[PDB]
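A.B. asks: Below is the file run.csv, with CSV, C-alpha atoms.
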chain,number,residue,atom,x,y,z
A,60,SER,CA,-19.4,260.8,283.4
A,61,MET,CA,-16.0,259.8,284.7
A,62,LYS,CA,-13.8,261.2,287.4
A,63,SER,CA,-11.4,263.5,285.6
A,64,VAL,CA,-7.6,263.0,285.7
A,65,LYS,CA,-5.4,265.9,286.6
A,66,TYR,CA,-1.9,266.1,285.0
A,67,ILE,CA,1.1,268.3,285.7
A,68,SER,CA,2.3,268.7,282.1
A,69,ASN,CA,4.8,271.6,282.5
A,70,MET,CA,6.7,273.4,285.2
A,71,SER,CA,9.2,276.3,285.2
A,72,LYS,CA,10.8,278.1,288.1
A,73,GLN,CA,10.5,281.8,287.5
A,74,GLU,CA,11.3,285.1,289.1
A,75,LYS,CA,8.3,285.3,291.3
A,76,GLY,CA,7.3,281.6,291.7
A,77,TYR,CA,6.6,278.7,289.3
A,78,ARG,CA,4.9,278.7,286.0
A,79,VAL,CA,2.7,275.6,286.0
A,80,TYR,CA,0.6,274.1,283.3
A,81,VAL,CA,-2.1,271.5,284.3
A,82,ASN,CA,-4.4,269.4,282.1
A,83,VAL,CA,-7.7,268.2,283.5
A,84,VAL,CA,-8.9,265.3,281.3
A,85,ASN,CA,-12.2,263.4,281.4
A,86,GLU,CA,-13.8,261.1,278.8
A,87,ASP,CA,-14.3,263.9,276.2
A,88,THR,CA,-12.4,267.0,277.0
A,89,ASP,CA,-8.9,268.2,277.9
A,90,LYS,CA,-9.0,271.5,280.0
A,91,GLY,CA,-5.5,273.1,280.0
A,92,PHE,CA,-4.8,275.6,282.8
A,93,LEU,CA,-1.8,278.0,282.8
A,94,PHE,CA,-0.8,279.2,286.3
A,95,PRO,CA,1.6,282.1,285.6
A,96,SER,CA,3.2,282.3,289.1
A,97,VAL,CA,2.4,279.8,291.8
A,98,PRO,CA,4.2,280.7,295.1
A,99,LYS,CA,7.3,278.7,295.7
A,100,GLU,CA,6.0,277.6,299.1
A,101,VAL,CA,3.1,275.9,297.4
A,102,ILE,CA,5.4,274.1,295.0
A,103,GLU,CA,8.1,273.2,297.6
A,104,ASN,CA,5.6,271.9,300.1
A,105,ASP,CA,3.4,270.0,297.6
A,106,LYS,CA,0.3,271.9,298.4
A,107,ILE,CA,-1.7,270.5,295.5
A,108,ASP,CA,-5.0,270.9,297.2
A,109,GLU,CA,-4.6,274.7,297.2
A,110,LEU,CA,-3.3,275.0,293.6
A,111,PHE,CA,-6.6,275.9,292.1
A,112,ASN,CA,-7.0,278.8,294.6
A,113,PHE,CA,-4.2,280.6,292.8
A,114,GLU,CA,-4.4,282.7,289.6
A,115,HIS,CA,-4.8,280.9,286.3
A,116,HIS,CA,-6.0,281.8,282.9
A,117,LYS,CA,-9.3,280.6,281.5
A,118,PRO,CA,-9.1,276.9,280.6
A,119,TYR,CA,-8.1,276.0,277.0
A,120,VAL,CA,-10.5,273.2,276.0
A,121,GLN,CA,-9.7,270.6,273.4
A,122,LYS,CA,-10.8,267.0,272.9
A,123,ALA,CA,-9.0,264.5,275.1
A,124,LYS,CA,-5.9,262.9,273.7
A,125,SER,CA,-5.0,259.2,273.7
A,126,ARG,CA,-1.7,259.5,275.6
A,127,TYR,CA,-0.4,261.9,278.3
A,128,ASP,CA,3.2,260.6,278.7
A,129,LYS,CA,5.4,263.6,277.9
A,130,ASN,CA,5.1,267.2,276.8
A,131,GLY,CA,6.7,268.7,273.7
A,132,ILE,CA,10.1,269.4,275.3
A,133,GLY,CA,10.3,265.8,276.8
A,134,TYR,CA,9.3,266.3,280.4
A,135,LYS,CA,7.6,263.3,282.0
A,136,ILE,CA,3.9,264.1,282.8
A,137,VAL,CA,2.8,263.2,286.3
A,138,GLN,CA,-0.6,263.2,287.8
A,139,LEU,CA,-1.3,266.1,290.2
A,140,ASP,CA,-1.8,263.6,293.1
A,141,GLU,CA,1.8,262.7,292.9
A,142,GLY,CA,2.8,266.2,293.8
A,143,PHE,CA,5.0,269.0,292.3
A,144,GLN,CA,8.1,267.5,293.8
A,145,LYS,CA,7.6,264.2,292.0
A,146,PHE,CA,7.5,266.1,288.6
A,147,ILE,CA,10.6,268.0,289.6
A,148,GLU,CA,12.6,265.0,290.6
A,149,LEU,CA,11.6,263.0,287.5
A,150,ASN,CA,12.5,265.9,285.2
A,151,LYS,CA,15.3,267.6,287.2
A,152,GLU,CA,18.1,267.2,284.6
A,153,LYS,CA,15.8,268.0,281.7
A,154,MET,CA,14.6,271.2,283.5
A,155,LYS,CA,18.2,272.2,284.3
A,156,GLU,CA,19.1,272.0,280.6
A,157,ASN,CA,16.2,274.4,279.8
A,158,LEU,CA,16.9,276.7,282.8
A,159,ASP,CA,13.5,275.7,284.2
A,160,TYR,CA,15.0,274.3,287.4
Spit out the file's structure as structure tokens when you get a sec.

C.D. replies:
Amino acid sequence: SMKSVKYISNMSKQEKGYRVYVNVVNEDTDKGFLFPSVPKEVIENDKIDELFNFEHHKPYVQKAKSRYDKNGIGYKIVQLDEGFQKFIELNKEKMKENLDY
């Protein structure tokens, strides 16, 4: 019905790459995708077009929420089109506190 919006809602720099959580939200449903280890080159170079070619778990479906401002640990949510680097620069100090940077 409507063009879905894609959100980067969580990021964590890990041993083998980045743990990334993405929410794909249309009028009715919120599809949450956990990517356990996105290669650092994809993250550093903002290769958002290729993200969904990498391993993720089956989507976790719930009804769409009213607001997508911040996640539970206070990170600012950004839309996927803004890039991984925008999420990182917005949340740099927050991520450092959690050892996610």

A.B. asks: From the set A:105, A:121, A:70, A:84, which residue has the shortest atom-to-atom contact distance to residue 149 (chain A), counting all atoms listed in the file?

C.D. replies: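 Using all atoms listed in the file, residue 149 (chain A) sits closest to A:70.
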
A.B. asks: Provide the CA of residue 95 (chain A) to CA of residue 78 (chain A) distance in Å, to one decimal place.

C.D. replies: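 One can read the CA of residue 95 (chain A) to CA of residue 78 (chain A) distance as 4.8 Å.
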
A.B. asks: Would you list the residues near (-0.4, 271.1, 280.3), meaning any protein, DNA or RNA residue with an atom at most 9 Å from that point in file coordinates, counting only C-alpha atoms, as a PyMOL selection string?

C.D. replies: chain A and resi 66-70+79-83+90-93+130+136

A.B. asks: In terms of the shortest atom-to-atom distance over all atoms listed in the file, which of A:75, A:138, A:122, A:132 is closest to residue 99 (chain A)?

C.D. replies: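 Comparing A:75, A:138, A:122, A:132 against residue 99 (chain A), the winner is A:75.
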
A.B. asks: For residue 104 (chain A), work out the shell of residues within 9 Å, counting all atoms listed in the file and skipping chain neighbours fewer than 4 positions away, then give it as a PyMOL selection string.

C.D. replies: chain A and resi 99-100+142-144

A.B. asks: A:101, A:158, A:87, A:119: which is nearest residue 63 (chain A), counting only C-alpha atoms?

C.D. replies: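 Among the listed residues, A:87 lies closest to residue 63 (chain A).
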
A.B. asks: Skip residue 153 (chain A) itself and residues of its chain fewer than 2 positions away, then list as number ranges by chain all residues within 12 Å of it, counting only C-alpha atoms.

C.D. replies: A: 69-71, 129-130, 132-135, 146-151, 155-160

A.B. asks: Export C-alpha atoms of the chosen residues as a compact mmCIF listing (two decimals), keeping the file's coordinate frame?

C.D. replies:
# COMPACT_ATOMS: atom_id res chain seq x y z
CA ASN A 69 4.80 271.60 282.50
CA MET A 70 6.70 273.40 285.20
CA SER A 71 9.20 276.30 285.20
CA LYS A 129 5.40 263.60 277.90
CA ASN A 130 5.10 267.20 276.80
CA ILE A 132 10.10 269.40 275.30
CA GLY A 133 10.30 265.80 276.80
CA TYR A 134 9.30 266.30 280.40
CA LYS A 135 7.60 263.30 282.00
CA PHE A 146 7.50 266.10 288.60
CA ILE A 147 10.60 268.00 289.60
CA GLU A 148 12.60 265.00 290.60
CA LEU A 149 11.60 263.00 287.50
CA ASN A 150 12.50 265.90 285.20
CA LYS A 151 15.30 267.60 287.20
CA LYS A 155 18.20 272.20 284.30
CA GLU A 156 19.10 272.00 280.60
CA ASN A 157 16.20 274.40 279.80
CA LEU A 158 16.90 276.70 282.80
CA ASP A 159 13.50 275.70 284.20
CA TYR A 160 15.00 274.30 287.40

A.B. asks: May I ask for the distance between CA of residue 124 (chain A) and CA of residue 89 (chain A), given in Å to one decimal place?

C.D. replies: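 Interatomic distance here is 7.4 Å.
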
A.B. asks: Could you check how far CA of residue 109 (chain A) sits from CA of residue 64 (chain A), in Å to one decimal?

C.D. replies: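 Computing it gives 16.7 Å between the two atoms.
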
A.B. asks: I need the residue nearest residue 154 (chain A) from this list: A:102, A:72, A:86, A:123. Use all atoms listed in the file for the distance.

C.D. replies: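 Among the listed residues, the smallest separation from residue 154 (chain A) belongs to A:72.
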
A.B. asks: Tell me which of A:131, A:85, A:112, A:118 sits closest to residue 65 (chain A), counting all atoms listed in the file.

C.D. replies: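 Of all the options, A:85 lies closest to residue 65 (chain A).
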
A.B. asks: Some atoms are absent from region 79-101 of chain A, so rebuild N, CA and C atoms and return them as a PDB file, in the coordinates of the input.

C.D. replies:
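Dumped everything to rebuild-v4.pdb:
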ATOM      1  N   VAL A  79       3.235 276.952 286.012  1.00  0.00           N
ATOM      2  CA  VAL A  79       2.700 275.600 286.000  1.00  0.00           C
ATOM      3  C   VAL A  79       1.611 275.454 285.007  1.00  0.00           C
ATOM      4  N   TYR A  80       1.667 274.394 284.202  1.00  0.00           N
ATOM      5  CA  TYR A  80       0.600 274.100 283.300  1.00  0.00           C
ATOM      6  C   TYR A  80      -0.029 272.727 283.699  1.00  0.00           C
ATOM      7  N   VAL A  81      -1.352 272.717 283.857  1.00  0.00           N
ATOM      8  CA  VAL A  81      -2.100 271.500 284.300  1.00  0.00           C
ATOM      9  C   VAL A  81      -3.163 271.215 283.264  1.00  0.00           C
ATOM     10  N   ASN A  82      -3.350 269.922 282.999  1.00  0.00           N
ATOM     11  CA  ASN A  82      -4.400 269.400 282.100  1.00  0.00           C
ATOM     12  C   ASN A  82      -5.384 268.596 282.915  1.00  0.00           C
ATOM     13  N   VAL A  83      -6.664 268.945 282.837  1.00  0.00           N
ATOM     14  CA  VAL A  83      -7.700 268.200 283.500  1.00  0.00           C
ATOM     15  C   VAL A  83      -8.522 267.492 282.429  1.00  0.00           C
ATOM     16  N   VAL A  84      -8.489 266.161 282.455  1.00  0.00           N
ATOM     17  CA  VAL A  84      -8.900 265.300 281.300  1.00  0.00           C
ATOM     18  C   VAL A  84      -9.980 264.351 281.815  1.00  0.00           C
ATOM     19  N   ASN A  85     -11.154 264.372 281.184  1.00  0.00           N
ATOM     20  CA  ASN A  85     -12.200 263.400 281.400  1.00  0.00           C
ATOM     21  C   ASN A  85     -12.342 262.525 280.138  1.00  0.00           C
ATOM     22  N   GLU A  86     -13.542 261.977 279.930  1.00  0.00           N
ATOM     23  CA  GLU A  86     -13.800 261.100 278.800  1.00  0.00           C
ATOM     24  C   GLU A  86     -13.709 261.876 277.471  1.00  0.00           C
ATOM     25  N   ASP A  87     -14.197 263.114 277.463  1.00  0.00           N
ATOM     26  CA  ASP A  87     -14.300 263.900 276.200  1.00  0.00           C
ATOM     27  C   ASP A  87     -13.365 265.022 276.075  1.00  0.00           C
ATOM     28  N   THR A  88     -13.069 265.765 277.141  1.00  0.00           N
ATOM     29  CA  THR A  88     -12.400 267.000 277.000  1.00  0.00           C
ATOM     30  C   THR A  88     -11.092 267.096 277.803  1.00  0.00           C
ATOM     31  N   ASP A  89     -10.173 267.916 277.301  1.00  0.00           N
ATOM     32  CA  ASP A  89      -8.900 268.200 277.900  1.00  0.00           C
ATOM     33  C   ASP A  89      -8.953 269.733 278.263  1.00  0.00           C
ATOM     34  N   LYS A  90      -8.978 270.069 279.552  1.00  0.00           N
ATOM     35  CA  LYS A  90      -9.000 271.500 280.000  1.00  0.00           C
ATOM     36  C   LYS A  90      -7.561 271.808 280.462  1.00  0.00           C
ATOM     37  N   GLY A  91      -6.904 272.705 279.726  1.00  0.00           N
ATOM     38  CA  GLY A  91      -5.500 273.100 280.000  1.00  0.00           C
ATOM     39  C   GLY A  91      -5.544 274.432 280.800  1.00  0.00           C
ATOM     40  N   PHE A  92      -4.823 274.443 281.919  1.00  0.00           N
ATOM     41  CA  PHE A  92      -4.800 275.600 282.800  1.00  0.00           C
ATOM     42  C   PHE A  92      -3.320 276.077 282.916  1.00  0.00           C
ATOM     43  N   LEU A  93      -3.095 277.352 282.616  1.00  0.00           N
ATOM     44  CA  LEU A  93      -1.800 278.000 282.800  1.00  0.00           C
ATOM     45  C   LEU A  93      -1.838 278.786 284.124  1.00  0.00           C
ATOM     46  N   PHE A  94      -0.996 278.412 285.089  1.00  0.00           N
ATOM     47  CA  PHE A  94      -0.800 279.200 286.300  1.00  0.00           C
ATOM     48  C   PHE A  94       0.492 280.002 286.122  1.00  0.00           C
ATOM     49  N   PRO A  95       0.425 281.321 285.919  1.00  0.00           N
ATOM     50  CA  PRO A  95       1.600 282.100 285.600  1.00  0.00           C
ATOM     51  C   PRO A  95       2.667 282.140 286.704  1.00  0.00           C
ATOM     52  N   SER A  96       2.237 282.159 287.963  1.00  0.00           N
ATOM     53  CA  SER A  96       3.200 282.300 289.100  1.00  0.00           C
ATOM     54  C   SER A  96       2.646 281.707 290.362  1.00  0.00           C
ATOM     55  N   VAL A  97       2.834 280.408 290.540  1.00  0.00           N
ATOM     56  CA  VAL A  97       2.400 279.800 291.800  1.00  0.00           C
ATOM     57  C   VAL A  97       3.526 280.031 292.835  1.00  0.00           C
ATOM     58  N   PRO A  98       3.157 280.451 294.046  1.00  0.00           N
ATOM     59  CA  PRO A  98       4.200 280.700 295.100  1.00  0.00           C
ATOM     60  C   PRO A  98       5.061 279.532 295.329  1.00  0.00           C
ATOM     61  N   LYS A  99       6.354 279.803 295.537  1.00  0.00           N
ATOM     62  CA  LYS A  99       7.300 278.700 295.700  1.00  0.00           C
ATOM     63  C   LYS A  99       6.990 277.843 296.897  1.00  0.00           C
ATOM     64  N   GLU A 100       6.377 278.413 297.937  1.00  0.00           N
ATOM     65  CA  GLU A 100       6.000 277.600 299.100  1.00  0.00           C
ATOM     66  C   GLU A 100       4.989 276.547 298.743  1.00  0.00           C
ATOM     67  N   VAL A 101       4.036 276.890 297.875  1.00  0.00           N
ATOM     68  CA  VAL A 101       3.100 275.900 297.400  1.00  0.00           C
ATOM     69  C   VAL A 101       3.755 274.775 296.674  1.00  0.00           C
TER      70      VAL A 101
END
